[PDB]
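Sharing a structure here in structure tokens format.
Every read-out reported here was derived from the displayed coordinates using simple, explicitly stated rules and does not represent laboratory data. When we count neighbours, we look across all protein chains shown, and the Cβ atoms used for this are built from the backbone with ideal geometry, even at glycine.
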Amino acid sequence: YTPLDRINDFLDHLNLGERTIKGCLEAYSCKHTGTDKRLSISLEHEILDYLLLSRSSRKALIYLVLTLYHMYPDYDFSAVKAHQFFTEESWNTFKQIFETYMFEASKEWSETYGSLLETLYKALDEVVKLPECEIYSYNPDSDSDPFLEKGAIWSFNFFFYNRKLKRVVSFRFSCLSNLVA
């Protein structure tokens, strides 16, 4: 039972009255054998034919789409559409988002313990060496995409990728309205 398991339990259906906050960290090490390997190659080909993400992320992209497939393997992810829906970020741009939307969450957490953000950082750093990571948000517009939560007040899907380890932590967090009419 690690800090991620901690954060995750805390963020499992945090209920704050009218809106309910959900959050989820999942880590994935991309295998270099079997289906992961073949899939990776497929993606790498698709990307090259086609040659918003810049090209600096053409490799990162391969590994992000594997992590999608890992999370929802029955869904058709596509290298080109993801190229469209992934956006590169910085820790700082992530920090602002955490500050502005996960405010009630951080607050409840400090009331509970004696920062949620600091904890998160430490937890991520342990699993993917954070200062060496690349950061991405996934914002699909497609109706079907399973990273799209419909009727949500907001939703984010972040990804922390480590190139050396071929390792990705995905952080999803969203807000739901508990109202009735």
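Which of the following residues is closer than 17 Å to residue 22 by Cα and in contact with a helix residue (DSSP H, G or I) (Cβ under 7 Å, 6 or more places away or on another chain): 148, 124, 130, 116?
None of the other options fit; the residue is 116.
Taking into account only those residues within the range 13-57 that are surrounded by 11 or more Cβ atoms within 10 Å (Cβ to Cβ) and of a type in the set (D, E, K, R), which is nearest to residue 70 (Cα to Cα)?
For the range 13-57, the residue satisfying everything is 36.
Of all residues in the range 137-155, count the ones that are within 18 Å of residue 52 (Cβ to Cβ) and of a type in the set (D, E, K, R).
Matching residues across the range 137-155 total 2.
Which one of the conditions (1) out of contact with any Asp or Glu (no Cβ under 7 Å at 6 or more places or on another chain); (2) aromatic (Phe, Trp, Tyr); (3) under 23 Å from residue 52 (Cβ atoms) does residue 161 fail to meet, given that it meets all the rest?
Of (1) out of contact with any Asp or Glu (no Cβ under 7 Å at 6 or more places or on another chain); (2) aromatic (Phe, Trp, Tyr); (3) under 23 Å from residue 52 (Cβ atoms), only one is false for residue 161: (1).
Could you identify the single residue in 50, 28 that is touching a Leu at 6+ places or on another chain (Cβ under 9 Å) and hydroxyl-bearing (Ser, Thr, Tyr)?
So the residue among 50, 28 that is touching a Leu at 6+ places or on another chain (Cβ under 9 Å) and hydroxyl-bearing (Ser, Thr, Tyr) is 28.
Let me ask something else. Are any residues in the range 70-107 more than 25 Å from residue 162 (Cβ to Cβ) and exposed (fewer than 15 other Cβ atoms within 10 Å of the Cβ), and if so, which ones?
Of everything in the range 70-107, those that are more than 25 Å from residue 162 (Cβ to Cβ) and exposed (fewer than 15 other Cβ atoms within 10 Å of the Cβ) turn out to be 74, 76, 100, 103, 104, 107.
A follow-up question, please. So, residue 59, is that one within 23 Å of residue 137 (Cβ to Cβ) and among the basic types (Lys, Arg) or not?
So residue 59 passes the test.
Would you pick out the residues in the range 156-165 that are more than 10 Å from the chain's Cα centre (by Cα) and either crowded, with 17+ Cβ neighbours inside 10 Å or more than 15 Å from residue 132 (Cβ to Cβ) (or both)?
Correct list: 162 only.
Can you find a residue in the range 142-155 that is in a helix (DSSP H, G or I), of a type in the set (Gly, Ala, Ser) and within 16 Å of the chain's Cα centre (by Cα)?
Among the residues of the range 142-155, not one is in a helix (DSSP H, G or I), of a type in the set (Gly, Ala, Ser) and within 16 Å of the chain's Cα centre (by Cα), which makes the answer no.
Would you check which residues across the range 109-138 are charged (D, E, K, R) and surrounded by fewer than 16 Cβ atoms within 10 Å (Cβ to Cβ) and list them?
111, 118, 122, 125, 126, 129, 132
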